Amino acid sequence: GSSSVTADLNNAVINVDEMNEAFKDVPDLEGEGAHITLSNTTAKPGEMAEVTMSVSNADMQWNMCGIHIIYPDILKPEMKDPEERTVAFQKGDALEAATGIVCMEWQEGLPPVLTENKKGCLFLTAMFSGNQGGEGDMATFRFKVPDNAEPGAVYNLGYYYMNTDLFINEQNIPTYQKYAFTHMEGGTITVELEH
């Protein structure tokens, strides 16, 4: 079908098959649909590189999210309180109206698909009063690009799907959630070439 082949071609969700399985009994939304995306940027070796998650076609259409962002574990996210595993972030316009936002680094008890592929993970949850979710930039993070990073190196940024993760409206419409998760796009940090 369209939307689960859509998710295979975006290669954004590491456990996409598991996800498609989870959604197998939910028909496709007809038609569109929130578009969640990560950024594609260039950085120098050793740089604190900015990464931004954003969403389009969602203004006033959603109520909360709980999303797992993944990245190569050699990248280290900038931290607010290491002791609490809070990740520093700049909130964008899409989250302007949020009643609460939390963002944490998943450090311990990561699932095999992530550990075995040397992926790190953070979890972003935001809640709104009714359907006041916005659009545009959601959150901007920073990652330490290793000092010794090779020019041209590409760090893929994506998602991990957990059964309880969310991108939903107040009414909890299953097709809405399916669209969002099956159409999400990953991102990249590319290390600049030598001068």
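From 1 onward, residues are counted along the sequence shown.
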### Query
Do the C-alpha atoms of 8 to 16 or of 170 to 178 have the higher average B factor in the entry?
8 to 16
### Query
Per the PDB record, is the mean Cα temperature factor higher over 37 to 45 or over 23 to 31?
23 to 31
### Summary
Highest CA B factor of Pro77, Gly120, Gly92, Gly100, as deposited, is found at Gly92
### Task
Please pick out which of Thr140, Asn63, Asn156, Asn163 has the largest Cα B-factor as recorded in the entry.
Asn163
### Task
Please place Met127 in the lowest, middle or highest third of its chain by C-alpha B factor as given in the entry.
highest
### Task
Please place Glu84 in the lowest, middle or highest third of its chain by C-alpha B factor as given in the entry.
middle
